[PDB]
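In: Need coordinates for the following:
(one chain, ligands or ions: 2)
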Amino acid sequence: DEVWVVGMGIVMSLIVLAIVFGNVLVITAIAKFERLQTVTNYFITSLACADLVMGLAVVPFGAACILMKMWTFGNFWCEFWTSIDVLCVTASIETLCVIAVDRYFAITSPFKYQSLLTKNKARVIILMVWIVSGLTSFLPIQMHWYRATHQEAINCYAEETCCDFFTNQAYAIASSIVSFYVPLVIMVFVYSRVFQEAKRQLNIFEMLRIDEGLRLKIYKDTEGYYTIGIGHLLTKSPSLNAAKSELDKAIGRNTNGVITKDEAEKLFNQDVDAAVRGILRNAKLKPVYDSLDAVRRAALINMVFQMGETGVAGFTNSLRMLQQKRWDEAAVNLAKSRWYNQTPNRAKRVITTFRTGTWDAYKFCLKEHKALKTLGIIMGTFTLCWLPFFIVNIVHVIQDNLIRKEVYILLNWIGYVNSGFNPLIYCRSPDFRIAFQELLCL
Ligand SMILES: *SCCCOc1ccc(CCNC[C@H](O)c2ccc(O)c3[nH]c(=O)ccc23)cc1OC
Ligand SMILES: CC(C)CCC[C@@H](C)[C@H]1CC[C@H]2[C@@H]3CC=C4C[C@@H](O)CC[C@]4(C)[C@H]3CC[C@]12C
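Out: Residues are numbered from 1 along each chain as shown. Ligands and ions are numbered 1, 2, ... in the order given. Sharing the structure here:
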């Protein structure tokens, strides 16, 4: 329609605003707050910068090319605007590829979740990406190599009102493979091993870390006695001074009240051995425990850490079916109890662990695993927004004039919106959520 162009213009203007305002907040939160100045966040700034240049130099000039159906900026800016457009995509895919490699080397490292690259060394990697991007995008466009031999393409380059990206079969293969396909193959494969290592990390300590909760300070439990770390009872005495004398005796140093993650893991290993021996000494728990595998053994220990050996022995109907290796039948009995009524979220994970015999119930539940899931969506969003364009671009090489001009522009425009997608996905992390609130005054 006639007035439809005006209506679509307001929609496209809000997209430009969503990309700029969104990415500005990401770059500002990292630079202003010292809290978010990590090695990975330095690449996030580089990723947000590449998305910012899109919404300032590519997206506003790109939207105007549809509103008037022609170019009103000149042949000089037409070549420059196209050069930035490819540069921003080339840098983004390479930065996301670097993050995938960086996260793999941090997860496999003995000092887990800590990047091997230093602040000064990471800044070089950012510059290495932009220089390689400039050599692969700016050079083939400015120093003409993309120009097609056919007359239909020549008419567009000659015209001052035409800025359609007509490319030869040699460049169309090179620009798709080097600036998109090759970094995508590495990004998908390497980050798949990152999720594989997250599944490898799943242990008895990590299971109770989500269920009970690791607490470095001395706290009074549900009963009233002094507890520390993961369900480790210090003393039954109501005096706090008695707990401090036991805490120093259990570790071997002056604690004063606060301990560490590694020392809490050491105390848990002392408690887990006492729990297993407590089950073996028990007349009812011992025959059931012998008929449980390594993963399912941990689900029974999880119950003992919550209520105790006498409490778990009370589940007469549940234990009889667990010993017989009937998982689906015992799951109903375990759900029909006081344990499920008091702690529903905890029981749901434990019962599902008994059902399958896998740690799949504790997927993306840890503080570290949620951060890996967040970065995984950034890689997933860029793929699902750019791949439908790049997969269609190869069809033009196979069959000439098959895909419509409206189809080519729309699929290219899906990747334009992707620049403003990332800041909204960054809101998932609680560290960034506090940074955006204090900056915008909420
Ligand atoms: S102003 C002309 C009418 C509107 O249509 C457009 C024409 C041209 C563009 C910019 C071209 N898009 C580049 C594309 O995103 C891209 C990126 C990266 C790589 O490696 C590419 N390789 C290719 O072979 C082809 C395209 C590539 C935008 C328009 O829409 C506003
Ligand atoms: C403009 C074209 C040519 C490329 C621009 C690349 C720019 C945006 C890249 C390259 C170097 C990068 C910077 C490297 C160092 C830092 C300091 C750090 O504490 C926050 C991120 C920050 C600030 C990066 C921001 C993004 C950055 C400035």
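
In: from this protein, which residue is nearest to ligand 1?
Out: Closest to ligand 1 within the chain is residue 65: 3.1 Å, counting by C-beta to the nearest ligand atom. Where you see a C-beta, it was placed from the backbone N, CA and C, and this is true even at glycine.

In: if I look at that residue, how far off is residue 87?
Out: 18 Å (C-beta to C-beta, to the nearest Å).

In: for residue 77, same thing?
Out: Applying C-beta to C-beta to residue 77 and residue 87 gives a distance of 15 Å.

In: The two: which has the busier surroundings?
Out: residue 87 (23 against 14; other C-beta atoms under 10 Å).

In: mind checking the backbone torsions on that one?
Out: phi -60, psi -50 (degrees, to the nearest 10).

In: which residues touch the closest residue in space to it that isn't next to it in sequence?
Out: Closest residue in space to residue 87, ignoring its immediate chain neighbours: residue 137 at 4.4 Å, by C-beta to C-beta, 6 or more residues apart in numbering. Shown in contact with residue 137 (C-beta atoms under 8 Å, 6 or more residues apart in numbering): 83, 86, 87, 90, 179.

In: Now secondary structure and distance to residue 54 too, for these, in CSV please.
Out: Below are the contacts of residue 137 laid out as CSV (DSSP: H, G, I helix; E, B strand; the rest coil; distance: C-beta to C-beta, whole Å):
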residue, secondary structure, distance to residue 54
83, helix, 13
86, helix, 11
87, helix, 10
90, helix, 12
179, helix, 15
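
In: and these, which are buried?
Out: Listed as buried from the contacts of residue 137 are 83, 86, 87, 90, 179; burial here means 16 or more other C-beta atoms under 10 Å.

In: which residues touch the fourth one?
Out: Same thing as residue 90. Contacts of residue 90 by C-beta under 8 Å, 6+ apart are 132, 133, 136, 137, 179, 180.

In: where's the second one, which helix or strand?
Out: The secondary structure element spanning residue 133 is helix 119-133 (assigned by DSSP states H and E).

In: Tell me which helix or strand comes right after that helix.
Out: Past helix 119-133, further along toward the C-terminus, the next helix or strand under DSSP H and E is helix 139-142.

In: which residues sit against that following helix?
Out: 79, 82, 83, 86, 146, 171, 174, 175.

In: Only C-alpha atoms, please: export it in PDB.
Out: Taking Å, rounded to 0.1, in the frame of the first residue of the first chain, the C-alpha atoms of helix 139-142 are listed here in PDB:
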ATOM      1  CA  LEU A 139      40.300  -5.600   0.300                       C
ATOM      2  CA  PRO A 140      38.200  -7.700  -2.200                       C
ATOM      3  CA  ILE A 141      35.400  -5.000  -2.300                       C
ATOM      4  CA  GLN A 142      37.500  -1.800  -2.400                       C
END
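
In: So which bits of the very next helix or strand once past that helix are buried?
Out: Sequence order places helix 151-158 as the next helix or strand after helix 139-142, per DSSP H and E. Buried residues in helix 151-158, defined by neighbour count with 16+ other C-beta under 10 Å: 153, 156, 157.

In: Residue of the stretch 151-300 of the chain nearest ligand 2, please.
Out: Closest contact between the stretch 151-300 of the chain and ligand 2, by C-beta to the nearest ligand atom, is at residue 179 (15.7 Å).

In: how near is the closest residue in space to that residue that isn't next to it in sequence to ligand 2?
Out: With sequence-adjacent residues excluded and distances taken as C-beta to C-beta, 6+ apart, residue 179 is closest to residue 90, at 4.4 Å. Per C-beta to the nearest ligand atom, to the nearest Å, residue 90 is found 11 Å from ligand 2.

In: Could you shift the numbering so residue one becomes 155, and keep it that way?
Out: Sure, I'll start counting at 155 from here, so that last one is residue 244.
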